[PDB]
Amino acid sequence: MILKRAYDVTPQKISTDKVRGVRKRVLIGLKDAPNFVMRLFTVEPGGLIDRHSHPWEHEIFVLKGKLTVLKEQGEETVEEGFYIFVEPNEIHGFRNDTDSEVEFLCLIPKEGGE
């Protein structure tokens, strides 16, 4: 059994053509997980995960702040305490329009890698 403070997992900075101002922690990865993986994303102020889709679902829980969720069309802001279920293949992305860090848990099936 593994019991650990998520913050103590070293975050990975992501900065690409589609993702900016985002850090990813892999809490429960491929090494441990038989079926699905647990990540914690931190979105800096003005950070963005542009619209994309995958063959797998997402299960998300918003831990901190106000998260702007990009949808196939339009967007929706949610707060800490919301969960999000993204169906396979659904276009989605995220933005932080606030002045403080936003955090959310994101779990995917293992085929999605970590």
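When you see a residue number, it is the position in the sequence shown, counting from 1.
- Of the other compared PDB entries of this protein that include residues on both sides, at least a third leave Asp17 without atoms.
- Between 80-88 and 31-39, the higher mean Cα B-factor belongs to 31-39.
- Mean CA B-factor, 44-52 versus 57-65: the higher value falls on 44-52.
- Looking at the C-alpha B-factors along this chain, the one for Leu107 belongs to the lowest third.
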